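Okay, so here's just one chain, in structure tokens, the form deposited in one PDB entry.
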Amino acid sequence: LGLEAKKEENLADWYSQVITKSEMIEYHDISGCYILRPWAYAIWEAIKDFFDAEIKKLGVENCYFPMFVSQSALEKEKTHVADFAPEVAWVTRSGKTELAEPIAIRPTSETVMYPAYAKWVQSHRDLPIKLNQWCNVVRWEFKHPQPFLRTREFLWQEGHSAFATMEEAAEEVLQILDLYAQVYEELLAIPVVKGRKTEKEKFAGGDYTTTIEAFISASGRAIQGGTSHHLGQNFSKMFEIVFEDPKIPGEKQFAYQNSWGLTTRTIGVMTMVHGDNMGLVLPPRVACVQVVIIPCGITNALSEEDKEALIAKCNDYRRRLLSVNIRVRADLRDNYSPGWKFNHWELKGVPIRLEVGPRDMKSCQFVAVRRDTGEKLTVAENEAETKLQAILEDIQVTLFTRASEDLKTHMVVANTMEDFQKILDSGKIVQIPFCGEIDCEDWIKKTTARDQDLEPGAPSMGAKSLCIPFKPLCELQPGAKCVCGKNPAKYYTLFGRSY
């Protein structure tokens, strides 16, 4: 029948079973390449529709840049290329014919886009430039891939803005990060922690990186859900993105830049956070189908005239819901049982199942079964639009509240290395006082791996920084020491085992 893999036993096999039986993912014959079937792609589209509308309000415009980079352009920002070079895929021939020059597939589009920005900017009035594109990128790592979360090819949005002043750029970084938090929290019903990446973890070639971190309670691990960088002038100086202002005559000034990105990793996090042992669970805000209508109790005995009346009543509900902007499907096919339909649509995580039997049809009522809790309700026909809308809104709230509770009990403060170690081995993420230096972050990773006390099902790995929270749980006492002991702490920092 349905799912038989259990989430609290083997998470990896549960994850693979859920994403395939929900018809979200299919495996491609190339490792780390995954097919996004319609049930998953529609979630990406719901994300796209929301985010596109929001950034359009900010003045951002969509466009499409080439997928290839020249070796010359790829290497102009040395920090950036040093970080990305081992995983850049190279095209070297066409047919059997060697190319003029090997060309790179974009791992990210800074080095594709910024020679164009340098052309388009001549005067102070050519700024700001605010472009976004929905496209695929390729990061050809040889580590083990995981669908949605960590893949060699993925779909994303990347935004790239260039400003005359640091004030404007700084403002945008946080506006975009707020939108990413809205994607996770309002659409996907996933709570996130906003923060700044440490020096170790920031975008190579950027000034600073801001992030949203989500928590996967089944793992005890956290994952970076989205990212908003201030690149400063590090790319404009290397690509000659210069203007002249009459206020500062003669001197050429370098543009201040941001880039920001969000991928289909979103869909994996929603799968990990909300899925259960019956399969996927979709937040109503992104569900391709919010209500599935299924005609029940049909036997051989049912009169043919009665049967037609039943299929017509199911289509009645469908049209009523379509007219109130509820996304809806009537699973009317003859070639599957009611039980098989119940199971099929539960695996796919449809928020509400609408059951219509001949008895309920004739009594002008129906049954609504919520997916998150399995609770059932008998509803009078005349109320369908009203109550279904409310159940949808309650489902969204409930999913978020549950996930918020988990976050609140798995994120705590510790003020010493020993307490940090212990709390971390209990499967939580921890805010600790931290010196910020890259070397101390390496030492933290090394020794929390070394000193790990293994709880039965837990991952065996060192702790990494996640973000410096904008709003820590507590305020740093004056003169507090980092967990390293030898440097004063600069801020509370969230640390955990992570993806």
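Here the rigid core means the biggest group of C-alpha atoms that line up within 1.5 Å when the two forms are laid on top of each other. Residue positions are given as counts along the sequence shown, with the first one as 1. Shifts are known only where both forms have a C-alpha.
- For the cut-off of one third of the other compared entries, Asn300 qualifies: that many or more give it no coordinates while modelling its flanks.
- Modelling of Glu26 is complete across the other compared entries in which both of its neighbours are modelled; not even a third of them leave it out.
- As recorded in the PDB entry, 459-467 is the stretch of 34-42 and 459-467 with the greater mean C-alpha temperature factor.
- Comparing the deposited coordinates for 337-345 and 279-287, the stretch with the larger average C-alpha B-factor is 337-345.
- Annotation for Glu185, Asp126, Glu213, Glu251: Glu251 ranks highest, by Cα B-factor.
- Which of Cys296, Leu262, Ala204, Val91 has the largest Cα B-factor in the deposited entry comes down to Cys296.
- When all modelled residues of the chain are sorted by CA temperature factor, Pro147 is found within the middle third.
- Among the modelled residues of its chain, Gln452 has a C-alpha B-factor that falls in the middle third according to the deposited record.
- In the PDB entry, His28 places in the highest third of its chain by CA B-factor.
- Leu407: CA B factor lies in the middle third for its chain, per the PDB record.
- Ranked by C-alpha B-factor against the other modelled residues of its chain, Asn300 falls in the highest third.
Although not depicted, the form deposited in another entry is the subject of the following passage.
- Measuring CA movement between the shown form and the other one with the rigid core aligned, the set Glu171, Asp276, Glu141, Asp406 has one residue at 2 Å or more: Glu141.
- A displacement of 2 angstroms or greater separates the C-alpha positions of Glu455 between the shown form and the other one, with the rigid core held in common.
- Put simply, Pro459 and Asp276 spread apart in the other form: their C-alpha atoms are 3 Å or more farther than in the form shown.
- Relative to this form, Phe142 and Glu199 approach one another in the other form, with their C-alpha atoms ending up at least 3 Å closer.
- Taking residues common to both forms and aligning the rigid core, Cα displacements of 2 Å or more over three or more consecutive positions between the shown form and the other one occur in 141-144, 455-460.
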